[PDB]
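Structure first, commentary second.
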Amino acid sequence: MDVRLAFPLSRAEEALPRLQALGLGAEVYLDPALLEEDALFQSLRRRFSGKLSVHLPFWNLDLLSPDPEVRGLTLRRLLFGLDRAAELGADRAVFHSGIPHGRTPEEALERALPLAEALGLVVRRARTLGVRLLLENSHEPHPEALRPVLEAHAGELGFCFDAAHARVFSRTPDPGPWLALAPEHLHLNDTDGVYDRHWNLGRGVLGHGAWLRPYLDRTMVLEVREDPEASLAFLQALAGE
Ligand SMILES: [Zn+2]
Ligand SMILES: [Zn+2]
Ligand SMILES: [Zn+2]
């Protein structure tokens, strides 16, 4: 199994020893404040070899923001993040759609093709660099608003499924409709069904045993804020039956 630990670049020193010890890959979140810090990228690239992907910046970003300066910043953040991903030898880079929380299905759907268009330069940059670009669900109420973005890009854009985001932020809490988008990348954790807890698998309400087994051959990222061993042990028991 390709199982990776999520951590911010800002906590790499702290997460690396634990990665080694558990034989995990990495998905590194590119702290916007740290994007220009050449030495941190050099240090990481030397100190880790093993499968690596990145989470592109996302906080307060949206390619379709009504604020033109936010749109500009968002584009710069995604493109620079992709440069850094390539430097770290990342296979994949994950990003959010930028959709605000609480849009209606109609509002989310209307953003789909404008988003596909706005992603033109980002998809092109990823292609040039040899980095696979993945869109993750966040606040979309239903997977139908992501489907046209994927289709417009005709296989050049992949999907990362985060089940907790569907459960706590969307109007489609069941994993089924989201799984129908064929995620190649899974963001794994558990939640109480109220907050995006980033707890270990087995600790919450998502019932991964009921739906996750078919996806164990895909890249899985433990997006867990506590020690991730319990999730790795969950995955291993799931894999053995
Ligand atoms: Zn994410
Ligand atoms: Zn996620
Ligand atoms: Zn989350």
Side-chain angles (χ1 to χ4, degrees), residues 2-11 15 24-32 34-35 52-63 74 77-78 81-82 84-85 90-102 108 115 119 122 126 131-141 143 145-146 149-150 157-175 177-179 181-206 208 211-212 215 218-226 228 231 234-235:
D2 182 357
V3 189
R4 312 204 182 166
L5 182 66
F7 56 93
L9 179 58
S10 62
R11 288 167 208 156
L24 292 172
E27 182 155 288
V28 188
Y29 159 78
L30 307 181
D31 303 68
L34 302 180
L35 281 167
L52 182 149
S53 48
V54 303
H55 198 304
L56 297 171
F58 66 94
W59 280 116
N60 304 113
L61 303 179
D62 182 12
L63 291 174
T74 301
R77 288 283 185 247
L78 296 179
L82 280 171
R84 292 301 197 186
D91 61 355
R92 294 155 173 213
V94 179
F95 75 98
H96 292 184
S97 78
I99 196 181
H101 178 73
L115 180 67
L119 283 168
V122 186
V131 174
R132 172 64 168 174
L133 196 61
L134 306 166
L135 174 55
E136 178 195 346
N137 58 297
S138 56
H139 299 277
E140 298 80 3
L146 294 183
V149 187
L150 304 168
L157 181 63
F159 175 56
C160 172
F161 176 46
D162 188 305
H165 291 173
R167 180 59 176 253
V168 310
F169 299 133
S170 91
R171 320 281 164 204
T172 313
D174 297 343
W178 305 94
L179 291 172
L181 291 180
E184 70 199 62
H185 210 250
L186 284 98
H187 275 186
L188 299 179
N189 57 36
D190 219 341
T191 168
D192 58 5
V194 182
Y195 298 99
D196 193 24
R197 296 289 193 171
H198 288 223
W199 288 339
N200 279 124
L201 301 183
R203 292 210 39 213
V205 305
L206 290 181
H208 300 259
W211 61 266
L212 178 65
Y215 302 91
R218 267 75 149 199
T219 301
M220 287 168 294
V221 177
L222 301 177
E223 284 217 311
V224 170
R225 284 200 275 267
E226 42 198 10
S231 297
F234 188 102
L235 290 177

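Values below: all heavy atoms of this structure, side chains included; hydrogens, waters and symmetry mates excluded. The first residue in the sequence is number 1, and the count goes up from there. Whatever order the structure lists ligands and atoms in, that order sets their numbers, starting from 1.
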Of all N, O or S atoms in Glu136, identify the one at the shortest distance from the Zn ion (ligand 2).
->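 Of all N, O or S atoms belonging to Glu136, OE2 is the one nearest the Zn ion (ligand 2).
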
For the ring pair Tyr29 and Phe58, is the centre-to-centre distance below 6.0 Å?
->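 Yes; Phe58 has its ring centre under 6.0 Å from that of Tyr29.
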
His55-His96 aromatic ring centre distance below 6.0 Å =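 Yes: the rings meet the under 6.0 Å criterion.
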
Are a donor atom and an acceptor atom from the side chains of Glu27 and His187 found within less than 3.5 Å of each other?
->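 The criterion, which ignores hydrogens and geometry beyond distance, is satisfied for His187 and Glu27.
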
Between CG of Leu82 and CG of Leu30, what distance do you get to the nearest 0.5 Å?
-> 9.0 Å

Distance (rounded to the nearest 0.5 Å) between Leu212 CG and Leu201 CG = 7.5 Å

Quick one: do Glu184 and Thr219 satisfy side chain to side chain donor-acceptor pair (under 3.5 Å)? Show the steps, please.
-> CA-CA 7 Å; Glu184 70 199 62; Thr219 301; over 6 Å; no

Pick one: which of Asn189, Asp192, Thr191 meets side chain to side chain contact (heavy atoms under 4.5 Å, CB included) with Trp199?
->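 Only one option passes, and that is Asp192.
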
Is it true that some N/O/S atom of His96, main chain or side chain, lies under 2.8 Å from the Zn ion (ligand 1)?
->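 Coordinating: yes.
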
With a cut-off of 2.8 Å, which protein N/O/S atoms are close to the Zn ion (ligand 3), if we only count those under it?
-> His165 NE2, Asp196 OD2, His198 NE2

